[PDB]
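Peer 1: Below you'll find the structure I mean.
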Amino acid sequence: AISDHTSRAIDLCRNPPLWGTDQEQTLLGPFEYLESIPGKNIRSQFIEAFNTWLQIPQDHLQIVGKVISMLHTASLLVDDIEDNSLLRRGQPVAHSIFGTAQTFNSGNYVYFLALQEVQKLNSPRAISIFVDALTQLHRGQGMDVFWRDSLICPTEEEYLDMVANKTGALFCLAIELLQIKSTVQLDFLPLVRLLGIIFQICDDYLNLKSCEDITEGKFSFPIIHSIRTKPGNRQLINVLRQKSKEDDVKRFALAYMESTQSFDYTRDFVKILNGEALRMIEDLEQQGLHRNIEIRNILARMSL
Amino acid sequence: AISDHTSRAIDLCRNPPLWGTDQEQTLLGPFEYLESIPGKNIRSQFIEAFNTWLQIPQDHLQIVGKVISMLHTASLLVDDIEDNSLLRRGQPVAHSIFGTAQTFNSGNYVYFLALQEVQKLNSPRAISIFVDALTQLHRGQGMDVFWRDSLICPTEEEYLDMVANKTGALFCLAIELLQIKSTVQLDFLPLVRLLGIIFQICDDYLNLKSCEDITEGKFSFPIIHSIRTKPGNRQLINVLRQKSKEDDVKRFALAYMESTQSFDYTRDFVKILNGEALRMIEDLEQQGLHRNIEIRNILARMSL
Amino acid sequence: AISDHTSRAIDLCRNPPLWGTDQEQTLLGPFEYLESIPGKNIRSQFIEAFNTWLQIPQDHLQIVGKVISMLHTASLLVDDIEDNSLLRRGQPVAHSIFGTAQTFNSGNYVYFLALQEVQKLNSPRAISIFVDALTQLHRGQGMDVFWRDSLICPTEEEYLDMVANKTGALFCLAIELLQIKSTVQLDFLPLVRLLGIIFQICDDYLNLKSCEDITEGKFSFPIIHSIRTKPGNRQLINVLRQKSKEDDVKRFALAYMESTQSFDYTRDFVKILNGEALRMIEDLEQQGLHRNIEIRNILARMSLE
Amino acid sequence: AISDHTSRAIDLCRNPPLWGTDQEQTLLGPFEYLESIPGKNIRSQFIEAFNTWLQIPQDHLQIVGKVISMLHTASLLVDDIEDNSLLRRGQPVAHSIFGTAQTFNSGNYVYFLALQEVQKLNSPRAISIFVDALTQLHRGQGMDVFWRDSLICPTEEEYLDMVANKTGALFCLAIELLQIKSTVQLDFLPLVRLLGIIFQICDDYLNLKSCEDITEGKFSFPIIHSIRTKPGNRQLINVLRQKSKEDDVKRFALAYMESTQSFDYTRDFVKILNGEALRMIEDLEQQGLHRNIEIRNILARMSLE
Amino acid sequence: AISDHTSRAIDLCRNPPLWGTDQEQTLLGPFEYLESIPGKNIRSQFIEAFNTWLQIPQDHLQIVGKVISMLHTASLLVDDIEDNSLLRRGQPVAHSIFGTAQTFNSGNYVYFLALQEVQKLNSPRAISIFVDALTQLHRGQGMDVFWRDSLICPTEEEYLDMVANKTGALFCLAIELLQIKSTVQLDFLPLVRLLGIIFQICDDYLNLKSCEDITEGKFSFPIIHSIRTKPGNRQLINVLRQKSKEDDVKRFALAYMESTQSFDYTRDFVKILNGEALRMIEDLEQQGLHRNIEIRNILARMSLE
Amino acid sequence: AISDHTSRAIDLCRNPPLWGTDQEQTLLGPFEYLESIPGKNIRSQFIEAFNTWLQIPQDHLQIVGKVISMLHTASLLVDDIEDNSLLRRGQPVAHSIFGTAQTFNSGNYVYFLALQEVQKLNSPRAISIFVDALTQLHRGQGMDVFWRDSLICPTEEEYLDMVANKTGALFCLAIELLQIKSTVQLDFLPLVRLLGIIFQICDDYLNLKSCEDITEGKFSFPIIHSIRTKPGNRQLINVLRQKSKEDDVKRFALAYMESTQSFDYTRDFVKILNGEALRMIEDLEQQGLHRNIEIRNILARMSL
């Protein structure tokens, strides 16, 4: 009896087995669960906005879109595990059904599957950009969680660097992966970085004053400004550390934020940055590129 | 002074900052904490033993050892936080001091730093092997977590394929990385897979009999044999489900496993596998290599 | 002194004492607590509906009703302890007030008091039926607990067999206890078994739609259908394993069940079973019995339309 | 699809299935686990000792022994669940492996299996005795649990009545089941009641001084004496209420009980009871029976001197 | 090295050091925490109301008010830690931030500081009243804790005597301290005792029906009445023993108390006591005192109608 | 019905009831338990030593002894509650049987009963000294607890004055309450203070040469000296913050204490103090008091 078992073990050692579809369906549970929920789909619009300038074939666009979607969904899974959230897109979080271990494993597995997808493009530069983007994203996530846990308020420059590490990396990688097969070889990166900063700043106001950040202890842009500009009071720190859900705490925080006139400061920053972005877009058009209605639509569609 | 700020932000957008040491130091906290504690360090012996046949320079050996050490330590962090452990190498786990999210981020960051290090060898084959090994490791870890959480006892074959995915991948990657700059191009992979299987089985035996697997609900070789030898008895599986810390339950589990004669089965299994490994070694030496005392020493060191 | 105490003990050994009323009132605490809360009382209507066909005297009817009520309440106590519930009939459970040991003891004591009450009828058949019914009830409860604890989804046939063991036994015992003193000696067992299955399926459906089963991790008819209809998807099985008390998880589970079309399956099942039950009722009446409005009313009260 | 399922359900309603061995093995897990552990088995010797006087065939003896063993093991399971114990016979309790619900269901199922086994003897007297014994056992267990939970110290007479209900019922049932087929129709009940009282008192003494009762907050014979002899001191009762696992508290409790001189009281009590039991035995032998060495050996084994 | 240190030690022995403020502020942490939070301040109204009949100077009034405030706050700290409370005056308890030993020490230190402040009035009678009042308070607190821990329901008379010791002592001491310098030398003590009893009963009523007493297992007036009127029912006692935090158990307890009709009993009790207090007030005014609006106001404020 | 109960309540208000013995036996229960265990009764010998000079009647001596015994036992109860101890005089602590609330109430009740006993002496001075001594004791206990729980190491002088507040107060009170009826009227107080400090230092020394202070976190004289010198190596501090009972965690502390040679420090300290105390006894002997060898016997009996 033991001889047959040992022989089978040795034979499998000589000839490794083949991966099956059922096991892959087991390992990709949380990923599919979070992918089934409909979303905003901003990155697809961002990608098709830049294709009027580049004009690459279709299959390359499909591959890039697939890679970006995979990476974004995996990042969402891991980030929700880290921040201890409770809802996402109006539905329960993935680890409220499957657990922490399964969700973490699924996210990492999706990362490496996405890396496997890039190798079929046959370009070392693609591997280089992929690795650098992933390193930047992990740096940004680590700094965000470190600041949240240690209760040390960052300055504006540190927060902007963290945001450029955490959010703009995917946009920059998506734009750089398209330029491989294009005949246009200008430099689009500053525009993409500015757009990422604008997007992140806009989604920190429209989350409070059309408040889960207070409940989760987030350090957002208006919160940082309010903390820094008036160090004479220590009520916002205590409110953030309490992690309360009652409406009284949220109302108090909203009243204190309104008192210090932070919202107008955010509005002015966004309006100056938007003007600079429009100037950047205009400057690129005289280098030999046609007008871009879609990029202006994307820029104007969000504003404070 | 909005225009003093906006200018700084736009300047950083056009010219990105540089990563600092005081930030990499805090992103690598748990990694260095776990690396400080010394361990068995078996992989270094495994690498040095195989170097007799390959005979490669020293810088390559140092690079490969560093990569393997980083991968193993990151895997240890992630596995410890997934399995809900309390001690590691006789000291408290790293995630009881720094937290969960910090350990997660440190592990992933170490993965991608190791990927960056491999890129310096200037070889696409290295990237291919690295990606395949990481995919295999994540597959194995996911299968372990699934079986443990949902309470199904795997068969012997499924457990062996799982163990090959989780454990033998690192050994195979380490051996394949050295062969790039080596002049002998035989096939060592079956031997490495068999050695990995032997290592895992011996570890599973030594953990119980010289009991955290009983407390954590792990499925091991003796536990699988004891459960499947008497399918009409449901005592061991219930003990695994309760997840108890009491010593009486552990003593009862050990007595029950001794009743079904599982440890003898494990010993005979390992003996046959060791005989096959020695025959495999002797087969290679007839193709034009020299006698290797180190591999025989490491093989005979762990006999049950 | 020691002599007086020893003499009293020896005398009590020779002549045992008599049971009192205070101690019985102490031992019957949880039973009276659960009995004081008003309920639906479907079994009384079930007994009164079949009495039209049998036409037995009144005293036998009172005795049988009392026995059935005792057994039902004791089973409810034990079941509520085993399933780890929090509310019954809108009120706290008995073991949230009296503890677990007292409730266990009271339930078993009521079982054996009910067995004592049957003995006064002077019929061995009553003892046989009582023993068989209690054995079946314990078998069903044990299988339910085993499946819930070990996390195995039963097949539809296994679930139906467990339901027949756990729920229909009381109905069968109630109907057979009446036939001892009746001049009608036909066979009513298939009808009562079908009625019990219909009762349980309707209760399972009405628990969720119109969600403590999701919180307790129970395996019901729609949950089994939803789990087995898409074996490659493992969301409902994980939701059951987590034992959540949040509303969003319950809403997600209900939406997922609606995606697989389980409630329609349950409705069609119940419709076909009701048709068969009406056919069975009509063939009995052709054998010499009268028309029964009450059985039709109790059958038509539970229509998932 | 739906038609086949409905037809199968209806057919199983008409023809019920058969119980399998695979499910009886599942339901009888804890019972077999506790049965595998060896024990003293005093009841077998108790049955053998009385058979010298009665001289009944062997098959009846085997049946009675089986029934008594089943009842004893089920009562042990339920008592261990209710007592919050940790070890039995040097091994973990059953509900530390299987849970509480499965153990309770197994105990009740074994009760009803034992009741089924009695029915094959074809005697109404057996059923009567069985029901009375089970009622007495449940009364005793309930009274013990109530006193322990509510922190009321019973008097000596109340404790002795509870002990007679809890322990002596099995001995009485065992002796009376043998007398159905015997030609000796004397009265043995006072002797068996006295023997049960002696058994329980000796066990209570040997548990502490050859201390889980102190950890479980029990009210035993020496504890009752120590509490009642000095009503102005409230140290032992507080120690019982704290439910401590430390050795210092147990040593303090033993020292305090030695200060009260309770163990001597227990020894003198047991000595007088043993003398009365021997007198009772000798009274029976002048009515026509022979000398019984076995009962004298059983009596003399339990001397606290 | 060791010839200087010794010199400093002997120097301190010959001339002791002087107590400093930076340590006194450390020893008075929890006291200032609890004193900063605003309160009802009923005792100030009680003192001001009785001053109309006495007409003493202002400095004495300030001293007496300070003493009473310190005593009340220290008692609040000690009870709060004894009763395992979680909230006080809508804010977290002091011992959840500063620890337990610190609050213990602060309470005792405030007791003895208050004793030191009474020595300034230069009167032995003040010391006598202070010692008697503190002894009475400790007796009452001890009896309350004993009854709560041992699970014994006091009778109405025992509860009333404990309340008189626990609550009325402070009022009696406050009135007797003011009368030292007053020129009116009648007996006001029975009225003060009646007022204290009324205040405690009203607080017990308002705590439940305007429920932490249920969570902590306290025995109050309605709870005692409900337990004692139906001694054969053991639901409220068990609810108290479980020490639950759920809302369902509290709702059930309130419904049970309403079934017994305890709140009407409390209301009638308070009404009759109020009438007697008003008659007592009117009796004193016929001996040569003026009309007192304030005492009538504070008496009519404690009406449960 | 209601009328009878209301009449009884009003009658009780008119004529208050009388205290009973069955209630005193319930509130003075956690105390009579501790009073039964035999002890060293050092204070009785200390009182009897000083009576060879004062020559007072017997009744006053009995009263003073009773008062001191009550105060000491109540202080022991409260101290054991505060410091979270497990044993006292080889027996379980009182609050391991009766709970915390009952023991605290018993201690305070005994304090006030002892105060009631002093009033029978008919002397305002007695009340004054009683109140001052109780205040000093509470100050000392509070300062110790604060230092122990806040983990701030004190210096030598503040520790010494805390000890004078905590321990010497009872000795000073006992001696002062004896001089009321004595014709001899000099100043014995500095001798009493020095004797108290010597007693405390000797007991603290013998505690580690006869062990639970390390487990609890007591700041001994050798521990204070060890932390003062070597203002480096935070191991005795941390050892005193792990509250561990393992032999190992204590096997080290004794070695670390012996490394700095604190034994010689304590021995020299106590020898100098003993010489000073002997000299102080000699000087007082010249004012006309008879030779007294009881005090010298009680000083030499506990001497290093």
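Residues are referred to by chain and number: the chain letter is A, B, ... according to the order shown in the structure tokens, the number counts from 1 in that chain, and ligands are numbered separately from 1 in the order shown.
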Give me, as a PyMOL selection string, all polymer residues having an atom no more than 12 Å from residue 169 of chain F, counting only C-alpha atoms and skipping those fewer than 2 positions away in the same chain.

Peer 2: chain F and resi 68+71-72+75+129-141+161-167+171-176+189+192-197

Peer 1: Just write the chosen residues, N, CA and C atoms, as a short mmCIF file (atom, residue, chain, number, x, y, z; two decimals), in the first residue's frame.

Peer 2:
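This is the output file again13.cif:
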data_model
loop_
_atom_site.label_atom_id
_atom_site.label_comp_id
_atom_site.auth_asym_id
_atom_site.auth_seq_id
_atom_site.Cartn_x
_atom_site.Cartn_y
_atom_site.Cartn_z
N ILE F 68 -3.64 50.62 67.95
CA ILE F 68 -2.58 50.40 66.97
C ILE F 68 -2.83 49.13 66.18
N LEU F 71 -5.60 49.78 63.57
CA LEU F 71 -5.13 50.62 62.46
C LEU F 71 -4.21 49.84 61.54
N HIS F 72 -3.29 49.05 62.11
CA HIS F 72 -2.35 48.30 61.29
C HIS F 72 -3.07 47.26 60.43
N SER F 75 -4.92 49.01 57.57
CA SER F 75 -3.95 49.45 56.58
C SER F 75 -3.47 48.28 55.74
N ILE F 129 -3.55 64.42 67.16
CA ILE F 129 -2.52 63.51 66.67
C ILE F 129 -3.12 62.41 65.80
N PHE F 130 -4.30 61.92 66.17
CA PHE F 130 -4.94 60.88 65.36
C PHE F 130 -5.18 61.37 63.94
N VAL F 131 -5.76 62.57 63.80
CA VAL F 131 -6.08 63.09 62.47
C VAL F 131 -4.80 63.33 61.68
N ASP F 132 -3.78 63.91 62.32
CA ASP F 132 -2.54 64.17 61.61
C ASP F 132 -1.88 62.88 61.13
N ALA F 133 -1.85 61.86 61.98
CA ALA F 133 -1.23 60.59 61.60
C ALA F 133 -1.98 59.95 60.44
N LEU F 134 -3.31 59.97 60.48
CA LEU F 134 -4.08 59.37 59.39
C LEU F 134 -3.85 60.12 58.08
N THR F 135 -3.80 61.45 58.14
CA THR F 135 -3.52 62.23 56.94
C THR F 135 -2.15 61.88 56.37
N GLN F 136 -1.14 61.78 57.23
CA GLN F 136 0.20 61.44 56.77
C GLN F 136 0.22 60.07 56.10
N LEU F 137 -0.46 59.09 56.70
CA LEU F 137 -0.49 57.75 56.14
C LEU F 137 -1.12 57.75 54.75
N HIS F 138 -2.22 58.49 54.59
CA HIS F 138 -2.87 58.52 53.29
C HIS F 138 -2.01 59.21 52.25
N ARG F 139 -1.30 60.28 52.64
CA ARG F 139 -0.38 60.93 51.70
C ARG F 139 0.70 59.97 51.24
N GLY F 140 1.29 59.23 52.19
CA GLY F 140 2.36 58.31 51.82
C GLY F 140 1.88 57.21 50.89
N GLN F 141 0.72 56.62 51.21
CA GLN F 141 0.18 55.56 50.36
C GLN F 141 -0.12 56.08 48.96
N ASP F 161 11.19 60.35 52.53
CA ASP F 161 10.08 61.05 53.16
C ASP F 161 8.75 60.34 52.93
N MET F 162 8.58 59.68 51.78
CA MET F 162 7.40 58.85 51.58
C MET F 162 7.34 57.72 52.60
N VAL F 163 8.49 57.08 52.87
CA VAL F 163 8.53 56.01 53.86
C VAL F 163 8.21 56.56 55.25
N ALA F 164 8.71 57.76 55.56
CA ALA F 164 8.40 58.38 56.84
C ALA F 164 6.91 58.66 56.97
N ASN F 165 6.27 59.07 55.88
CA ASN F 165 4.83 59.29 55.89
C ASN F 165 4.07 57.98 56.06
N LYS F 166 4.53 56.91 55.41
CA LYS F 166 3.78 55.67 55.30
C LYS F 166 3.96 54.73 56.48
N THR F 167 5.17 54.64 57.04
CA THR F 167 5.48 53.65 58.06
C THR F 167 5.67 54.24 59.44
N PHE F 171 4.17 54.50 64.52
CA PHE F 171 5.08 54.51 65.67
C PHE F 171 5.02 55.85 66.40
N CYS F 172 5.04 56.95 65.65
CA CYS F 172 4.97 58.27 66.29
C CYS F 172 3.65 58.45 67.02
N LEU F 173 2.54 58.01 66.41
CA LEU F 173 1.24 58.11 67.06
C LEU F 173 1.19 57.29 68.34
N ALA F 174 1.73 56.07 68.30
CA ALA F 174 1.72 55.22 69.48
C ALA F 174 2.53 55.84 70.61
N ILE F 175 3.68 56.42 70.29
CA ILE F 175 4.51 57.01 71.34
C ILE F 175 3.85 58.28 71.89
N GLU F 176 3.27 59.10 71.02
CA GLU F 176 2.65 60.34 71.48
C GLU F 176 1.41 60.07 72.32
N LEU F 189 10.77 61.92 69.56
CA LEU F 189 10.31 61.75 68.18
C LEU F 189 11.42 61.42 67.18
N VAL F 192 12.25 57.81 67.20
CA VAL F 192 11.19 57.00 66.61
C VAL F 192 11.27 57.05 65.09
N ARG F 193 11.50 58.23 64.52
CA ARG F 193 11.59 58.35 63.07
C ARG F 193 12.77 57.54 62.52
N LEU F 194 13.93 57.66 63.17
CA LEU F 194 15.10 56.91 62.74
C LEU F 194 14.87 55.41 62.86
N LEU F 195 14.25 54.97 63.96
CA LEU F 195 13.97 53.55 64.13
C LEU F 195 13.02 53.05 63.06
N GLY F 196 12.02 53.86 62.69
CA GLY F 196 11.12 53.46 61.63
C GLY F 196 11.82 53.31 60.29
N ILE F 197 12.70 54.26 59.97
CA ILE F 197 13.42 54.16 58.69
C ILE F 197 14.35 52.96 58.69
#

Peer 1: Can you list, as a list in words, every protein, DNA or RNA residue that comes within 12 Å of segment 121-123 of chain B when you count only C-alpha atoms, leaving out same-chain residues fewer than 5 positions away?

Peer 2: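 Counting only C-alpha atoms, the residues come to residues 124 and 128 of chain A; 59, 60, 63, 64, 115, 116, 128, 129, 130, 177, 178, 180 and 181 of chain B.
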
Peer 1: Would you please extract all alpha helix (DSSP H) residues from segment 9-169 of chain D, as assigned by DSSP on the backbone, and give them as a ChimeraX atom specification?

Peer 2: /D:9-14,21-27,29-36,42-54,58-83,100-119,124-150,156-166,168-169

Peer 1: Taking only C-alpha atoms into account, what are the residues of chain E at most 12 Å from chain D, put as a VMD selection string?

Peer 2: chain E and resid 146 149 to 152 234 237 to 238 240 to 242

Peer 1: Write out as a PyMOL selection string which residues come within 10 Å of segment 244-252 of chain E when counting only C-alpha atoms, dropping same-chain ones fewer than 2 positions away.

Peer 2: (chain C and resi 86-87+90-93+96-97) or (chain E and resi 208+211-217+235-236+239-242+254-258)

Peer 1: Store the residues picked out above in a file with C-alpha atoms, as a PDB file, in the first residue's frame.

Peer 2:
ATOM      1  CA  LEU C  86     -32.166  35.400  21.231  1.00  0.00           C
ATOM      2  CA  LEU C  87     -35.931  35.942  20.898  1.00  0.00           C
ATOM      3  CA  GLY C  90     -41.059  38.639  20.529  1.00  0.00           C
ATOM      4  CA  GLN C  91     -39.818  37.840  24.050  1.00  0.00           C
ATOM      5  CA  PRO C  92     -36.430  36.805  25.453  1.00  0.00           C
ATOM      6  CA  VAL C  93     -35.587  33.115  25.406  1.00  0.00           C
ATOM      7  CA  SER C  96     -31.487  34.126  28.888  1.00  0.00           C
ATOM      8  CA  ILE C  97     -33.307  34.256  32.253  1.00  0.00           C
TER       9      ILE C  97
ATOM     10  CA  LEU E 208     -36.324  52.874  35.967  1.00  0.00           C
ATOM     11  CA  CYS E 211     -32.298  50.919  33.696  1.00  0.00           C
ATOM     12  CA  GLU E 212     -28.830  50.532  35.196  1.00  0.00           C
ATOM     13  CA  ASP E 213     -30.179  49.051  38.441  1.00  0.00           C
ATOM     14  CA  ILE E 214     -31.172  45.915  36.525  1.00  0.00           C
ATOM     15  CA  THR E 215     -27.728  45.688  34.907  1.00  0.00           C
ATOM     16  CA  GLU E 216     -25.902  46.085  38.229  1.00  0.00           C
ATOM     17  CA  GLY E 217     -28.242  43.753  40.127  1.00  0.00           C
ATOM     18  CA  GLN E 235     -38.014  35.463  37.092  1.00  0.00           C
ATOM     19  CA  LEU E 236     -36.948  38.869  38.436  1.00  0.00           C
ATOM     20  CA  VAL E 239     -32.822  38.469  35.713  1.00  0.00           C
ATOM     21  CA  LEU E 240     -30.937  40.313  38.458  1.00  0.00           C
ATOM     22  CA  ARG E 241     -28.488  37.415  38.822  1.00  0.00           C
ATOM     23  CA  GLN E 242     -27.696  37.290  35.071  1.00  0.00           C
ATOM     24  CA  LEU E 254     -40.235  46.581  33.322  1.00  0.00           C
ATOM     25  CA  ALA E 255     -43.266  44.739  31.930  1.00  0.00           C
ATOM     26  CA  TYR E 256     -43.102  42.186  34.753  1.00  0.00           C
ATOM     27  CA  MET E 257     -42.899  44.948  37.362  1.00  0.00           C
ATOM     28  CA  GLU E 258     -45.901  46.663  35.767  1.00  0.00           C
TER      29      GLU E 258
END

Peer 1: Could you work out which residues of chain B fall inside 9 Å of chain C? Count only C-alpha atoms, and format the result as number ranges by chain.

Peer 2: B: 150-151, 238, 241

Peer 1: So how far away is atom CA of residue 81 of chain D from atom CA of residue 257 of chain B, in Å?

Peer 2: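 Pair atom CA of residue 257 of chain B / atom CA of residue 81 of chain D returns 26.2 Å.
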
Peer 1: Just want the 8 Å neighbourhood of residue 273 of chain C, counted on only C-alpha atoms, with same-chain residues fewer than 6 positions away dropped. Output as a list in words.

Peer 2: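 Here the qualifying residues turn out to be residues 194 and 198 of chain C; 6 and 10 of chain D.
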
Peer 1: Using C-alpha atoms, can you write the selected residues to a file as an mmCIF file, in the first residue's frame?

Peer 2:
data_model
loop_
_atom_site.group_PDB
_atom_site.id
_atom_site.type_symbol
_atom_site.label_atom_id
_atom_site.label_comp_id
_atom_site.auth_asym_id
_atom_site.auth_seq_id
_atom_site.Cartn_x
_atom_site.Cartn_y
_atom_site.Cartn_z
ATOM 1 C CA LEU C 194 -47.419 15.683 3.290
ATOM 2 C CA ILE C 198 -45.825 21.718 3.528
ATOM 3 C CA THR D 6 -42.116 16.528 -6.339
ATOM 4 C CA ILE D 10 -44.655 12.340 -2.592
#

Peer 1: Between atom CA of residue 299 of chain E and atom CA of residue 274 of chain E, what is the distance in Å, rounded to a tenth?

Peer 2: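 Interatomic distance here is 7.4 Å.
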
Peer 1: Please list as a PyMOL selection string every residue within 12 Å of residue 287 of chain D, counting only C-alpha atoms and excluding residues in the same chain fewer than 4 positions away.

Peer 2: chain D and resi 53+184-187+280-283+291

Peer 1: Print the selection's residues with N, CA and C atoms to a file, as a compact mmCIF listing (two decimals), in the first residue's frame.

Peer 2:
# COMPACT_ATOMS: atom_id res chain seq x y z
N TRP D 53 -29.00 -14.35 45.56
CA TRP D 53 -30.28 -14.57 46.23
C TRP D 53 -31.40 -14.87 45.24
N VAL D 184 -38.22 -15.45 44.22
CA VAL D 184 -38.10 -14.82 45.53
C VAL D 184 -38.77 -13.45 45.44
N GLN D 185 -39.83 -13.26 46.22
CA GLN D 185 -40.59 -12.02 46.15
C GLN D 185 -40.59 -11.29 47.49
N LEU D 186 -39.42 -11.18 48.11
CA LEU D 186 -39.27 -10.42 49.35
C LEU D 186 -39.09 -8.95 49.00
N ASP D 187 -38.79 -8.12 49.99
CA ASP D 187 -38.60 -6.69 49.80
C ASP D 187 -37.14 -6.34 50.06
N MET D 280 -29.66 -5.17 58.59
CA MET D 280 -30.69 -5.42 57.58
C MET D 280 -30.38 -6.67 56.77
N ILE D 281 -29.11 -6.85 56.39
CA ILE D 281 -28.72 -8.04 55.63
C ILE D 281 -28.97 -9.30 56.45
N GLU D 282 -28.60 -9.28 57.73
CA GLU D 282 -28.79 -10.46 58.56
C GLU D 282 -30.27 -10.75 58.82
N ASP D 283 -31.12 -9.72 58.80
CA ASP D 283 -32.55 -9.95 58.98
C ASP D 283 -33.12 -10.76 57.82
N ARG D 291 -26.14 -17.40 52.84
CA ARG D 291 -25.15 -16.36 53.19
C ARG D 291 -24.57 -15.74 51.93

Peer 1: Do you know which residues are at most 10 Å from residue 50 of chain E counting only C-alpha atoms, after dropping those on the same chain fewer than 2 positions away, and could you put them as a ChimeraX atom specification?

Peer 2: /E:45-48,52-55,175,178,188,292,294-295

Peer 1: Please produce a file of the residues just selected, as a compact mmCIF listing (two decimals), in the first residue's frame, where the atoms kept are N, CA and C atoms.

Peer 2:
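Saved the output as result-v8.txt:
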# COMPACT_ATOMS: atom_id res chain seq x y z
N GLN E 45 -29.65 73.54 48.12
CA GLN E 45 -31.02 73.99 48.32
C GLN E 45 -31.54 73.56 49.68
N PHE E 46 -31.21 72.34 50.10
CA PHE E 46 -31.66 71.84 51.39
C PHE E 46 -31.09 72.67 52.54
N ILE E 47 -29.82 73.06 52.43
CA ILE E 47 -29.20 73.89 53.46
C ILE E 47 -29.81 75.29 53.46
N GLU E 48 -30.00 75.87 52.27
CA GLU E 48 -30.55 77.22 52.19
C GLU E 48 -31.98 77.28 52.70
N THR E 52 -33.60 79.61 56.82
CA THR E 52 -34.63 80.60 57.12
C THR E 52 -35.04 80.54 58.58
N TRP E 53 -35.18 79.34 59.13
CA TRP E 53 -35.56 79.17 60.52
C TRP E 53 -34.42 79.46 61.49
N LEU E 54 -33.16 79.32 61.05
CA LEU E 54 -32.01 79.41 61.93
C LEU E 54 -31.33 80.78 61.89
N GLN E 55 -31.08 81.31 60.69
CA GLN E 55 -30.50 82.64 60.49
C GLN E 55 -29.12 82.75 61.15
N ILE E 175 -27.58 69.52 59.00
CA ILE E 175 -28.47 70.37 59.79
C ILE E 175 -27.94 70.55 61.20
N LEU E 178 -25.11 73.25 61.45
CA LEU E 178 -25.56 74.63 61.39
C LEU E 178 -26.16 75.09 62.72
N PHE E 188 -35.31 69.01 64.79
CA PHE E 188 -35.66 68.92 63.38
C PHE E 188 -35.36 67.55 62.78
N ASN E 292 -42.11 78.99 55.62
CA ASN E 292 -40.96 78.60 54.82
C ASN E 292 -41.44 78.15 53.44
N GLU E 294 -39.41 77.79 50.79
CA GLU E 294 -38.40 76.98 50.12
C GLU E 294 -38.58 75.49 50.42
N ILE E 295 -38.87 75.15 51.67
CA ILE E 295 -39.01 73.74 52.03
C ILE E 295 -40.24 73.15 51.36

Peer 1: Could you write out as a PyMOL selection string the residues of chain A within 7 Å of chain B, counting only C-alpha atoms?

Peer 2: chain A and resi 6+13-14+27+82+101-102+105+109+112+135+138+142+190+193-194+269

Peer 1: Suppose you want the space between atom CA of residue 254 of chain B and atom CA of residue 77 of chain D; what is it in Å?

Peer 2: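 Computed distance, atom CA of residue 254 of chain B to atom CA of residue 77 of chain D, equals 23.4 Å.
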
Peer 1: Applying 6 Å and only C-alpha atoms, which residues near segment 127-139 of chain C remain after dropping the ones on its own chain fewer than 5 positions away? List them as a ChimeraX atom specification.

Peer 2: /C:165-166,169

Peer 1: Mind the document's chain letters and residue numbers, and return as number ranges by chain the residues of segment 41-165 of chain D that DSSP labels strand (DSSP E or B).

Peer 2: D: 87-88, 91-92
